[PDB]
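Everything below concerns the one structure shown next.
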Protein chains: 2
Amino acid sequence: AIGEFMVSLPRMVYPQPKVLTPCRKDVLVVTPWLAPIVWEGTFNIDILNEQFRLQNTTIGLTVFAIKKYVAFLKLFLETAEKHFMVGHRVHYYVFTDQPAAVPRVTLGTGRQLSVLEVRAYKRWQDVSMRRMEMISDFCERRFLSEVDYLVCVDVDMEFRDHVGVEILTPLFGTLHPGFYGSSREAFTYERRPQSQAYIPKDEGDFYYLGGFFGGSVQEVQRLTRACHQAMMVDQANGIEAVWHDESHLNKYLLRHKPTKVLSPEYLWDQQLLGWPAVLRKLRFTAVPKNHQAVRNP
Amino acid sequence: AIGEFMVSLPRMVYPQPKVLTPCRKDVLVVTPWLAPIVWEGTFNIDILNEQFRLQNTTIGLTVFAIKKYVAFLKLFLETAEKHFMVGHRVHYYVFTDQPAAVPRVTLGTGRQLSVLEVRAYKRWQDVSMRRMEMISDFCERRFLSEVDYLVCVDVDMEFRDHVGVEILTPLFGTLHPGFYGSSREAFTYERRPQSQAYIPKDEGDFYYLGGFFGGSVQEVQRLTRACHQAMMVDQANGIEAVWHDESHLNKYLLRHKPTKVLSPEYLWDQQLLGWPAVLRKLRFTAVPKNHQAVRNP
Ligand SMILES: O=c1ccn([C@@H]2O[C@H](COP(=O)(O)OP(=O)(O)O)[C@@H](O)[C@H]2O)c(=O)[nH]1
Ligand SMILES: O=c1ccn([C@@H]2O[C@H](COP(=O)(O)OP(=O)(O)O)[C@@H](O)[C@H]2O)c(=O)[nH]1
Ligand SMILES: [Mn+2]
Ligand SMILES: [Mn+2]
């Protein structure tokens with residue numbers, strides 16, 4: 001449940017937060033609209049686990065495995081079992097054009113998996129973009145009755161470390177690992193005024209990822225419906241945003257500020273970007289792929 | 001309104017938040033349960049004003065002026081007009097045993113004041129404590145229909161600088177200016193196990209003030225009802241907590257973590273504590289008083 005009566009926390013023994021000692025002095029840990037930016041060291045997971053278990057929180061995790069990307073599911077799901085919301089109720093929703101190719105992964109107690117068959121688009125861009133329509137369609141029925149929060153991620157990934165209830169909030173995005181140190185004029189937002197995703201060079205807070213966002217079911221429904229509608233407008237006008245669904249997600253999160261922002265710990269590419277000092281953990285990471293080969297027949 | 005459909009923010013030009021630059025390196029700006037700690041420099045008030053004006057937010061401010069404390073109202077209200085939620089809808093609720101002693105203060109547009117007559121208790125401790133009952137009684141009727149948030153403060157105070165929508169959240173407390181640098185064993189929590197306010201020496205996050213707390217009407221109703229009920233249990237058992245309503249508020253906020261914490265900028269005593277470097281602003285400050293004289297006939 002979200003927003004129900006909250007029972008008292010039990011007695012807990014943990015280190016006192018000290019007002020005159022920051023958790024992290026090397027990074028921004030709160031946005032200018034007072035949303036936490038989630039980095040290792042900023043949260044006590046024991047307190048958060050208590051809060052969320054006392055609400056019997058259920059988390060849905062959506063992942064698309066269309067065409068050749070079914071090959072990524074086994075590692076994705078097996079590592080999710082090790083690191084994603086362990087001890088909490090989890091419902092995986094695997095969207096695929098090949099139900100028979102979904103691997104048989106052994107799940108911990110209180111965790112379930114549903115396979116949702118969908119159509120495969122020819123263009124990888126359309127496969128990526130149509131996730132917004134598909135997620136919004138499934139919010140309207142299944143998700144509202146079955147989960148409290150939705151977490152929507154790419155499949156070409158593996159969990160390596162804890163991804164837990166610290167991320168949960170009405171609406172979150174994740175800082176793209178390529179651009180967290182960049183100035184806004186360098187962000188690869190859509191820059192053509194003819195697109196609904198357009199952001200001028202003097203606007204923007206952060207560059208968020210298309211591959212890891214989420215929130216309450218209500219807020220995820222809103223985001224995905226808005227991005228789908230914006231994409232349909234662009235299609236009618238003969239324009240496709242430079243980075244597809246990610247461009248639209250960035251426009252949405254500029255105008256509807258997220259209530260938490262995840263640091264790049266939560267989506268990293270170690271082959272491309274290494275392991276900087278500012279990252280104490282690499283939690284969820286890119287699996288190397290040959291883009292041209294895996295995206296086409 | 002709270003939790004209604006949120007329209008898009010307009011285009012705004014403001015400084016980009018930089019991920020590799022903290023707003024404040026000298027203080028903790030987020031709690032271990034991912035609640036912001038509100039200090040100058042951590043928020044862009046223009047973004048926040050937009051968010052809250054787009055929801056047509058109404059803020060109630062409760063203040064008790066019982067017996068001789070009616071003398072503090074003129075300065076309290078006149079300075080509130082200069083600094084408290086300016087541009088937002090405000091409803092002041094002045095609880096008093098002397099309606100005719102409430103000064104005629106000129107209010108800005110969109111602001112109103114209601115005088116609520118209540119009984120005066122003999123003991124200043126009981127006057128302070130019974131605010132919980134009185135606030136919870138008035139939540140049940142007036143406040144739920146009239147305001148979105150409640151802010152509950154002491155009267156023996158003046159505003160000197162901005163106190164605005166940065167504070168608004170489901171539930172907040174304020175760091176006591178005497179103890180923000182103290183270790184938890186030094187906090188003046190109730191230490192007798194016989195009291196409902198009891199907190200052991202190895203528990204506690206912060207020492208919060210009885211004089212400045214608030215939140216949504218629902219959460220303030222919960223807090224005030226719980227503290228009143230706990231006080232009634234103590235009374236039946238022949239014990240009065242060491243710091244009265246403040247002791248109970250501290251117990252409640254230990255077990256029900258606030259969703260924002262206000263820094264001591266928001267309740268300061270300059271005569272007792274000066275103006276430390278860590279305080280960039282003194283927003284709401286103690287008016288000097290002779291405690292013995294003003295609390296008794
Ligand atoms: O043929 C495809 C292309 C894309 N995707 C899905 O769309 C996501 C985004 O595409 P991709 O991971 O290639 O984008 P990148 O991370 O490289 O930006 C993938 O993770 C898959 O979940 C898919 O299932 N099959
Ligand atoms: O005779 C009294 C005693 C207390 N109060 C109210 O109770 C609050 C708390 O008391 P006080 O300010 O004396 O406490 P302190 O700040 O000194 O702890 C005051 O601000 C008033 O709002 C009052 O109205 N009349
Ligand atoms: Mn990917
Ligand atoms: Mn006072």
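The way I read the labels, and the way they are meant: chains A, B, ... in the order of the structure tokens, residue 1 as the first residue of every chain, and ligand 1 as the first ligand shown, with later ones counted on from there.
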
task = Using only C-alpha atoms, select each residue of chain B with any atom at most 8 Å away from an atom of chain A, and give the selection as a PyMOL selection string.
result = chain B and resi 6-14+16-23+25-36+42-45+47-48+166+180-181+183-184+202-206+255-256

Would you write out those residues with C-alpha atoms, as a short mmCIF file (atom, residue, chain, number, x, y, z; two decimals), in the first residue's frame?
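Contents of out_37.cif, as written:
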data_model
loop_
_atom_site.label_atom_id
_atom_site.label_comp_id
_atom_site.auth_asym_id
_atom_site.auth_seq_id
_atom_site.Cartn_x
_atom_site.Cartn_y
_atom_site.Cartn_z
CA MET B 6 -0.09 18.51 -11.44
CA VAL B 7 0.10 20.75 -14.52
CA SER B 8 3.43 21.28 -16.27
CA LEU B 9 5.85 23.93 -15.01
CA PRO B 10 6.41 26.83 -17.43
CA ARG B 11 9.79 27.50 -19.04
CA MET B 12 12.11 28.97 -16.38
CA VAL B 13 15.66 30.26 -16.59
CA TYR B 14 17.74 29.47 -13.48
CA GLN B 16 21.86 24.55 -13.51
CA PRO B 17 22.31 22.29 -10.51
CA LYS B 18 25.80 20.77 -10.80
CA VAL B 19 26.11 17.20 -9.68
CA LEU B 20 29.80 17.53 -8.76
CA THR B 21 29.13 20.67 -6.64
CA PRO B 22 27.17 20.40 -3.32
CA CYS B 23 24.97 23.33 -2.27
CA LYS B 25 29.47 21.09 2.35
CA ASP B 26 29.38 22.26 5.98
CA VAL B 27 26.10 20.63 7.00
CA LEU B 28 24.05 17.50 6.54
CA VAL B 29 21.34 18.31 3.97
CA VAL B 30 19.50 14.96 3.87
CA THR B 31 18.55 12.58 6.67
CA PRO B 32 19.40 8.83 6.56
CA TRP B 33 15.73 8.19 5.64
CA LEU B 34 16.09 10.53 2.62
CA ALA B 35 14.24 13.53 4.03
CA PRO B 36 15.70 16.89 3.06
CA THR B 42 19.65 23.94 -0.76
CA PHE B 43 16.50 25.19 -2.54
CA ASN B 44 15.55 27.29 -5.51
CA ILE B 45 12.52 29.14 -4.16
CA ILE B 47 10.92 26.48 -8.66
CA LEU B 48 9.19 25.68 -5.38
CA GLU B 166 10.33 25.03 1.09
CA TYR B 180 21.83 20.59 16.68
CA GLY B 181 25.56 19.88 17.35
CA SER B 183 25.36 13.82 20.51
CA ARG B 184 22.13 11.92 21.23
CA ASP B 202 21.10 4.78 22.33
CA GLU B 203 18.10 6.00 20.31
CA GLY B 204 17.23 9.28 18.63
CA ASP B 205 18.04 11.04 15.35
CA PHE B 206 17.65 14.70 16.34
CA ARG B 255 8.88 6.55 15.58
CA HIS B 256 7.29 8.39 12.60
#

ask   = Contacts of residue 208 of chain A at 12 Å or less, counting only C-alpha atoms, minus same-chain residues fewer than 6 places along, as a PyMOL selection string?
value = chain A and resi 172-180+184+187-189+214+243+245-254+257-258+260-264+266-267

Just N, CA, C and O atoms for this one: save the residues we selected as a short mmCIF file (atom, residue, chain, number, x, y, z; two decimals), in the first residue's frame.
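out_4.cif, freshly written:
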data_model
loop_
_atom_site.label_atom_id
_atom_site.label_comp_id
_atom_site.auth_asym_id
_atom_site.auth_seq_id
_atom_site.Cartn_x
_atom_site.Cartn_y
_atom_site.Cartn_z
N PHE A 172 10.67 9.05 -10.11
CA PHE A 172 12.12 9.18 -10.17
C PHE A 172 12.66 8.99 -11.58
O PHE A 172 12.11 8.24 -12.40
N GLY A 173 13.77 9.68 -11.83
CA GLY A 173 14.63 9.40 -12.96
C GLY A 173 16.04 9.15 -12.47
O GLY A 173 16.32 9.30 -11.28
N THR A 174 16.90 8.78 -13.42
CA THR A 174 18.27 8.36 -13.12
C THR A 174 19.23 9.19 -13.97
O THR A 174 19.02 9.33 -15.16
N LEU A 175 20.27 9.70 -13.33
CA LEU A 175 21.29 10.46 -14.03
C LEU A 175 22.07 9.58 -15.01
O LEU A 175 22.67 8.59 -14.64
N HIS A 176 22.05 9.97 -16.29
CA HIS A 176 22.78 9.24 -17.33
C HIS A 176 24.28 9.25 -17.01
O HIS A 176 24.84 10.30 -16.66
N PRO A 177 24.93 8.08 -17.09
CA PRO A 177 26.34 7.99 -16.67
C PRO A 177 27.30 8.78 -17.58
O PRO A 177 28.40 9.13 -17.18
N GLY A 178 26.91 8.99 -18.82
CA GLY A 178 27.70 9.78 -19.77
C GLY A 178 27.74 11.28 -19.54
O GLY A 178 28.63 11.95 -20.07
N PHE A 179 26.80 11.82 -18.76
CA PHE A 179 26.56 13.27 -18.74
C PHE A 179 26.39 13.92 -17.38
O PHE A 179 26.10 15.11 -17.31
N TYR A 180 26.59 13.17 -16.31
CA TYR A 180 26.32 13.72 -14.98
C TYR A 180 27.23 14.92 -14.65
O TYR A 180 26.85 15.79 -13.87
N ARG A 184 24.55 22.00 -19.10
CA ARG A 184 23.27 21.71 -19.77
C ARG A 184 23.29 21.96 -21.27
O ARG A 184 22.57 21.30 -22.03
N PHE A 187 24.12 18.82 -23.01
CA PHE A 187 23.17 17.71 -22.96
C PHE A 187 22.58 17.45 -24.33
O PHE A 187 22.24 18.38 -25.05
N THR A 188 22.40 16.17 -24.66
CA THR A 188 21.83 15.78 -25.94
C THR A 188 20.31 15.72 -25.92
O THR A 188 19.71 14.76 -26.41
N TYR A 189 19.68 16.76 -25.35
CA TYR A 189 18.26 16.94 -25.47
C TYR A 189 17.88 17.13 -26.94
O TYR A 189 18.73 17.51 -27.78
N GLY A 214 10.89 5.36 -12.85
CA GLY A 214 9.80 4.70 -12.13
C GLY A 214 9.09 5.62 -11.19
O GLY A 214 9.22 6.84 -11.27
N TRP A 243 16.97 11.20 -29.45
CA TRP A 243 17.13 10.01 -28.62
C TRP A 243 15.79 9.42 -28.20
O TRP A 243 15.65 8.82 -27.11
N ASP A 245 12.51 7.76 -27.02
CA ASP A 245 11.79 7.84 -25.75
C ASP A 245 12.57 8.62 -24.70
O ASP A 245 11.97 9.33 -23.88
N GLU A 246 13.89 8.50 -24.72
CA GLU A 246 14.71 9.24 -23.74
C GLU A 246 14.57 10.74 -23.89
O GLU A 246 14.53 11.48 -22.89
N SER A 247 14.47 11.23 -25.12
CA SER A 247 14.26 12.66 -25.34
C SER A 247 12.95 13.14 -24.74
O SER A 247 12.90 14.21 -24.10
N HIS A 248 11.90 12.36 -24.93
CA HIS A 248 10.59 12.69 -24.36
C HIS A 248 10.55 12.59 -22.85
O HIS A 248 9.93 13.43 -22.18
N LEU A 249 11.20 11.57 -22.30
CA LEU A 249 11.30 11.44 -20.85
C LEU A 249 11.99 12.67 -20.23
O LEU A 249 11.58 13.17 -19.20
N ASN A 250 13.06 13.13 -20.88
CA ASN A 250 13.74 14.34 -20.43
C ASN A 250 12.87 15.57 -20.46
O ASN A 250 12.89 16.37 -19.52
N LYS A 251 12.07 15.74 -21.51
CA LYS A 251 11.13 16.84 -21.53
C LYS A 251 10.14 16.74 -20.38
O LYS A 251 9.85 17.73 -19.71
N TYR A 252 9.58 15.54 -20.15
CA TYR A 252 8.60 15.34 -19.10
C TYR A 252 9.17 15.67 -17.74
O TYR A 252 8.52 16.36 -16.97
N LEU A 253 10.38 15.19 -17.45
CA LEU A 253 10.99 15.39 -16.13
C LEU A 253 11.51 16.81 -15.92
O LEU A 253 11.68 17.23 -14.78
N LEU A 254 11.73 17.56 -17.00
CA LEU A 254 11.99 18.98 -16.86
C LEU A 254 10.74 19.70 -16.34
O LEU A 254 10.83 20.57 -15.46
N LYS A 257 8.94 17.74 -12.05
CA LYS A 257 10.20 17.42 -11.40
C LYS A 257 10.08 16.08 -10.64
O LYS A 257 9.09 15.85 -9.94
N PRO A 258 11.08 15.21 -10.79
CA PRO A 258 11.04 13.97 -10.03
C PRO A 258 11.23 14.20 -8.52
O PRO A 258 11.94 15.14 -8.12
N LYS A 260 12.57 11.90 -6.45
CA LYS A 260 13.97 11.49 -6.17
C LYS A 260 14.69 11.40 -7.49
O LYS A 260 14.08 11.17 -8.54
N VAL A 261 16.01 11.58 -7.44
CA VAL A 261 16.88 11.37 -8.59
C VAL A 261 17.90 10.31 -8.19
O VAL A 261 18.51 10.40 -7.13
N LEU A 262 18.06 9.29 -9.03
CA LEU A 262 19.07 8.26 -8.76
C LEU A 262 20.39 8.66 -9.36
O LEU A 262 20.47 9.13 -10.51
N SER A 263 21.46 8.47 -8.58
CA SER A 263 22.80 8.74 -9.09
C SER A 263 23.16 7.73 -10.17
O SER A 263 22.50 6.70 -10.33
N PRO A 264 24.28 7.96 -10.88
CA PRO A 264 24.70 6.99 -11.89
C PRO A 264 25.16 5.62 -11.36
O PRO A 264 25.41 4.72 -12.18
N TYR A 266 23.19 3.70 -10.32
CA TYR A 266 22.04 2.90 -10.68
C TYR A 266 21.94 2.56 -12.16
O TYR A 266 21.10 1.75 -12.54
N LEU A 267 22.78 3.15 -13.02
CA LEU A 267 22.88 2.67 -14.41
C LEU A 267 24.25 3.14 -14.94
O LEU A 267 24.44 4.30 -15.27
#

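Inspection of the environment of ligand 3, which uses only C-alpha atoms and all ligand atoms and a cut-off of 9 Å, identifies the neighbouring residues as residues 153, 154, 155, 156, 157, 210, 211, 286 and 287 of chain A.
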
query = What residues have any atom no more than 10 Å from ligand 2 when counting only C-alpha atoms and all ligand atoms, and can you list them as a PyMOL selection string?
reply = chain B and resi 62-73+94-97+120-131+152-157+209-212+243-246+267+269+286-297

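Neighbours of segment 75-85 of chain B closer than or equal to 9 Å, with only C-alpha atoms counted and sequence neighbours fewer than 6 positions away skipped, come out as residues 59, 92, 103, 105, 106, 107, 108, 111, 155, 156, 157, 158, 159, 160, 161, 162, 163, 164, 165 and 283 of chain B.
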
inquiry  = Could you pull out the alpha helix (DSSP H) residues of segment 62-195 of chain A, going by DSSP on the backbone, and write them as a PyMOL selection string?
reply    = chain A and resi 73-83+124-129+131-138+144-146

Keeping only N, CA, C and O atoms, take the residues you just selected and write them out as an mmCIF file, in the first residue's frame.
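In the end it all went to selection_27.cif:
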data_model
loop_
_atom_site.group_PDB
_atom_site.id
_atom_site.type_symbol
_atom_site.label_atom_id
_atom_site.label_comp_id
_atom_site.auth_asym_id
_atom_site.auth_seq_id
_atom_site.Cartn_x
_atom_site.Cartn_y
_atom_site.Cartn_z
ATOM 1 N N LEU A 73 17.751 -11.897 -20.912
ATOM 2 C CA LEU A 73 16.853 -12.119 -19.764
ATOM 3 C C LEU A 73 17.421 -12.959 -18.652
ATOM 4 O O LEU A 73 17.169 -12.666 -17.494
ATOM 5 N N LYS A 74 18.167 -14.007 -18.975
ATOM 6 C CA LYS A 74 18.602 -14.939 -17.939
ATOM 7 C C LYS A 74 19.485 -14.209 -16.928
ATOM 8 O O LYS A 74 19.231 -14.272 -15.724
ATOM 9 N N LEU A 75 20.488 -13.500 -17.420
ATOM 10 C CA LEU A 75 21.382 -12.774 -16.511
ATOM 11 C C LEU A 75 20.663 -11.635 -15.793
ATOM 12 O O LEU A 75 20.882 -11.421 -14.591
ATOM 13 N N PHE A 76 19.795 -10.939 -16.516
ATOM 14 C CA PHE A 76 19.036 -9.852 -15.927
ATOM 15 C C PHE A 76 18.232 -10.352 -14.726
ATOM 16 O O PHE A 76 18.315 -9.786 -13.641
ATOM 17 N N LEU A 77 17.464 -11.430 -14.923
ATOM 18 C CA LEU A 77 16.572 -11.935 -13.887
ATOM 19 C C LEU A 77 17.321 -12.618 -12.753
ATOM 20 O O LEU A 77 16.986 -12.410 -11.592
ATOM 21 N N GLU A 78 18.371 -13.386 -13.080
ATOM 22 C CA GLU A 78 19.142 -14.077 -12.046
ATOM 23 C C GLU A 78 19.856 -13.082 -11.137
ATOM 24 O O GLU A 78 19.926 -13.271 -9.927
ATOM 25 N N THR A 79 20.363 -11.998 -11.715
ATOM 26 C CA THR A 79 21.013 -10.969 -10.901
ATOM 27 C C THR A 79 19.997 -10.095 -10.183
ATOM 28 O O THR A 79 20.274 -9.648 -9.066
ATOM 29 N N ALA A 80 18.831 -9.870 -10.791
ATOM 30 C CA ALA A 80 17.738 -9.200 -10.069
ATOM 31 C C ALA A 80 17.370 -9.936 -8.778
ATOM 32 O O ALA A 80 17.103 -9.331 -7.739
ATOM 33 N N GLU A 81 17.335 -11.258 -8.855
ATOM 34 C CA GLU A 81 17.068 -12.061 -7.692
ATOM 35 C C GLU A 81 18.066 -11.859 -6.567
ATOM 36 O O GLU A 81 17.687 -11.894 -5.399
ATOM 37 N N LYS A 82 19.316 -11.606 -6.929
ATOM 38 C CA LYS A 82 20.360 -11.382 -5.933
ATOM 39 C C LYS A 82 20.345 -9.994 -5.311
ATOM 40 O O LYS A 82 20.753 -9.834 -4.158
ATOM 41 N N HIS A 83 19.887 -8.989 -6.077
ATOM 42 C CA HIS A 83 20.115 -7.595 -5.682
ATOM 43 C C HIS A 83 18.927 -6.646 -5.639
ATOM 44 O O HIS A 83 19.061 -5.563 -5.056
ATOM 45 N N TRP A 124 14.492 -0.797 -34.189
ATOM 46 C CA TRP A 124 14.880 -0.776 -32.769
ATOM 47 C C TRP A 124 14.425 0.511 -32.105
ATOM 48 O O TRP A 124 14.085 0.495 -30.925
ATOM 49 N N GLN A 125 14.399 1.613 -32.863
ATOM 50 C CA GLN A 125 13.918 2.900 -32.333
ATOM 51 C C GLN A 125 12.460 2.803 -31.906
ATOM 52 O O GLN A 125 12.080 3.322 -30.853
ATOM 53 N N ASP A 126 11.641 2.152 -32.734
ATOM 54 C CA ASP A 126 10.220 1.963 -32.435
ATOM 55 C C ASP A 126 9.995 0.963 -31.318
ATOM 56 O O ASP A 126 9.106 1.160 -30.487
ATOM 57 N N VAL A 127 10.813 -0.097 -31.278
ATOM 58 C CA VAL A 127 10.754 -1.019 -30.140
ATOM 59 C C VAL A 127 11.029 -0.254 -28.842
ATOM 60 O O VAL A 127 10.311 -0.425 -27.875
ATOM 61 N N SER A 128 12.034 0.616 -28.844
ATOM 62 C CA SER A 128 12.393 1.386 -27.642
ATOM 63 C C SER A 128 11.310 2.378 -27.267
ATOM 64 O O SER A 128 10.928 2.474 -26.104
ATOM 65 N N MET A 129 10.786 3.076 -28.275
ATOM 66 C CA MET A 129 9.766 4.116 -28.080
ATOM 67 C C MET A 129 8.428 3.600 -27.615
ATOM 68 O O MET A 129 7.863 4.148 -26.659
ATOM 69 N N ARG A 131 7.665 1.162 -25.792
ATOM 70 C CA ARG A 131 7.600 0.827 -24.376
ATOM 71 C C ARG A 131 6.696 1.795 -23.622
ATOM 72 O O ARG A 131 5.977 1.380 -22.712
ATOM 73 N N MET A 132 6.694 3.080 -23.999
ATOM 74 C CA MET A 132 5.821 4.022 -23.300
ATOM 75 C C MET A 132 4.345 3.668 -23.456
ATOM 76 O O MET A 132 3.626 3.615 -22.465
ATOM 77 N N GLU A 133 3.920 3.388 -24.691
ATOM 78 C CA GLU A 133 2.535 2.965 -24.920
ATOM 79 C C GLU A 133 2.182 1.697 -24.137
ATOM 80 O O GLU A 133 1.122 1.597 -23.509
ATOM 81 N N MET A 134 3.082 0.733 -24.223
ATOM 82 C CA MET A 134 2.855 -0.581 -23.647
ATOM 83 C C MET A 134 2.788 -0.521 -22.113
ATOM 84 O O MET A 134 1.893 -1.088 -21.482
ATOM 85 N N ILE A 135 3.693 0.237 -21.496
ATOM 86 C CA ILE A 135 3.633 0.408 -20.055
ATOM 87 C C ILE A 135 2.367 1.129 -19.634
ATOM 88 O O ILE A 135 1.722 0.725 -18.653
ATOM 89 N N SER A 136 1.999 2.188 -20.352
ATOM 90 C CA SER A 136 0.788 2.930 -19.993
ATOM 91 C C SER A 136 -0.461 2.047 -20.158
ATOM 92 O O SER A 136 -1.347 2.079 -19.303
ATOM 93 N N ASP A 137 -0.501 1.231 -21.214
ATOM 94 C CA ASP A 137 -1.642 0.275 -21.433
ATOM 95 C C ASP A 137 -1.799 -0.690 -20.228
ATOM 96 O O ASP A 137 -2.910 -0.904 -19.720
ATOM 97 N N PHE A 138 -0.670 -1.211 -19.748
ATOM 98 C CA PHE A 138 -0.669 -2.192 -18.656
ATOM 99 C C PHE A 138 -0.842 -1.562 -17.258
ATOM 100 O O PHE A 138 -1.286 -2.242 -16.325
ATOM 101 N N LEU A 144 -2.085 -1.141 -11.551
ATOM 102 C CA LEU A 144 -2.831 -0.466 -10.488
ATOM 103 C C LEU A 144 -3.384 -1.413 -9.432
ATOM 104 O O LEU A 144 -3.448 -1.059 -8.259
ATOM 105 N N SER A 145 -3.787 -2.610 -9.840
ATOM 106 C CA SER A 145 -4.300 -3.581 -8.877
ATOM 107 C C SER A 145 -3.205 -4.427 -8.225
ATOM 108 O O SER A 145 -3.417 -4.952 -7.138
ATOM 109 N N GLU A 146 -2.036 -4.553 -8.858
ATOM 110 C CA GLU A 146 -1.044 -5.547 -8.433
ATOM 111 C C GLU A 146 0.178 -5.024 -7.716
ATOM 112 O O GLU A 146 0.784 -5.779 -6.966
#

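For the residues B:270, B:55, B:114, B:109, ranking by smallest atom-to-atom distance to residue 93 of chain B using only C-alpha atoms places B:114 first.
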
key: Secondary structure check, strand (DSSP E or B) residues of segment 90-291 of chain A, as number ranges by chain   = A: 90-96, 111-117, 149-153, 157-159, 163, 171-175, 208, 212-216, 260-262, 268, 284-286

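Proximity to ligand 1 was assessed for A:195, A:216, A:57, A:98 counting only C-alpha atoms and all ligand atoms; the smallest distance is recorded for A:98.
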
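The space between atom 23 (C, counted along the ligand's line) of ligand 1 and atom CA of residue 115 of chain A spans 14.7 Å.
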
ask   = Separation of atom CA of residue 281 of chain A and atom CA of residue 90 of chain A, in Å?
value = 22.8 Å

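Nearest to ligand 1 of all the residues A:223, A:282, A:168, A:118 is A:118, based on only C-alpha atoms and all ligand atoms.
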